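Peer 1: So I've got this experimental structure, pasted below with the sequence.
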Number of protein chains: 2
Amino acid sequence: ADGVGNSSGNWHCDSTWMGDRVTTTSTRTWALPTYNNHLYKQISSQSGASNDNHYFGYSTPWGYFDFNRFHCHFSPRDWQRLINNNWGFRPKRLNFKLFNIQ
Amino acid sequence: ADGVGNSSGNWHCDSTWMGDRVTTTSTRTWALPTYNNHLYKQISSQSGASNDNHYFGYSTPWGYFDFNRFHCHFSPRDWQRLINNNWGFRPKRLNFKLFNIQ
């Protein structure tokens, strides 16, 4: 889309309060290494662990983007503005973007 | 207008916040006596007073309605809502009513 030398996005970190809505936007810089050396590895609890700690699963070479915390979208001033003036809130919709990939 | 037995007004004490406006309404019950026994009396500073305290004026049999204080229109919760969220405020217009006169 933008080959080499053309930016594919802009930095949008801000919040807009409009009546009964607040739209919070956040931008961060991420680093993604190579996980498991491009391999899927079966993982399980160590031998000798207690029965409560036993588990079985798989480790993937993929990563994931997590923003399931309020601090990822609300500044402390935004939080104070939200909690001192509103009797409730709920999420409505979200937009996600990855850009400027090197 | 309402002769004897018909109310000439209602009790409106409340505040409405609408965007960049807040309208505060207050109703009070007042008592007005007879002042100076229906007379205008010349008044002046007492003899022997200091020069800084000397004055001359007149006392009238009339009363006056004063609402030149913020507590006359804003409840403490209204004041907290005003001062914790706004960088400024100013009055725009007012409406005054006397009713249910006995």
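Peer 2: Arrived safely, thanks for sending. Residues are numbered from 1 along each chain as shown, chains lettered A, B, ... in the order given.
Peer 1: Just give the number of residues close to residue A:14.
Peer 2: The local packing of residue A:14 (other CB atoms under 10 Å in any protein chain shown) involves 12 other residues. Every C-beta, even on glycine, is put in place using the N, C-alpha and C of the backbone.
Peer 1: where does it fall, phi/psi-wise?
Peer 2: Recorded main-chain torsions at residue A:14 are phi -170, psi 170, according to degrees, to the nearest 10.
Peer 1: what separates residue A:48 from chain B, distance-wise?
Peer 2: In this view, residue A:48 and chain B are 58 Å apart by CB to the nearest CB, to the nearest Å.
Peer 1: Find the nearest non-adjacent residue to residue A:62, please.
Peer 2: The shortest distance from residue A:62 to any residue that is not its chain neighbour, by CB to CB, 6 or more residues apart in numbering or on different chains, is 6.9 Å, and that residue is residue A:35.
Peer 1: For the one you found, which residues are in contact?
Peer 2: For residue A:35, the contacting residues are A:59, A:60, A:61, A:62, A:63, taking CB atoms under 8 Å, 6 or more residues apart in numbering or on different chains as the criterion.
Peer 1: Neighbours of the fourth one, how many?
Peer 2: Think residue A:62. Going by other CB under 10 Å, the residues that sit close to residue A:62 add up to 9.
Peer 1: same question, the second one
Peer 2: For residue A:60, the tally of surrounding residues (other CB under 10 Å) stands at 12.
Peer 1: Same question for the third one.
Peer 2: Using other CB under 10 Å, residue A:61 is surrounded by 12 other residues.
Peer 1: Could you double-check that it sits in contact with residue A:33?
Peer 2: No: counting by CB atoms under 8 Å, no contact exists between residue A:61 and residue A:33, whose distance comes to 10.1 Å.
Peer 1: near chain B, which residues of chain A?
Peer 2: Applying CB under 8 Å from any CB of the partner chain, we find that chain A lies next to chain B at A:19, A:81, A:84, A:85.
Peer 1: ChimeraX command for the buried members of those residues?
Peer 2: Selection of buried members from those for ChimeraX, criterion 16 or more other CB atoms under 10 Å in any protein chain shown:
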select /A:81
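Peer 1: now the residues of chain A next to chain B in JSON lines, with secondary structure?
Peer 2: Output for the residues of chain A next to chain B, formatted as JSON lines (DSSP: H, G, I helix; E, B strand; the rest coil):
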{"residue": "A:19", "secondary structure": "coil"}
{"residue": "A:81", "secondary structure": "helix"}
{"residue": "A:84", "secondary structure": "coil"}
{"residue": "A:85", "secondary structure": "coil"}
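Peer 1: Which single one of the residues of chain A next to chain B is nearest to residue A:11?
Peer 2: Residue A:11 has its nearest neighbour among the residues of chain A next to chain B in residue A:81, at 22.2 Å by CB to CB.
Peer 1: any idea how far the closest one is from residue B:12?
Peer 2: Using CB to CB, to the nearest Å, residue A:81 is found at 31 Å from residue B:12.
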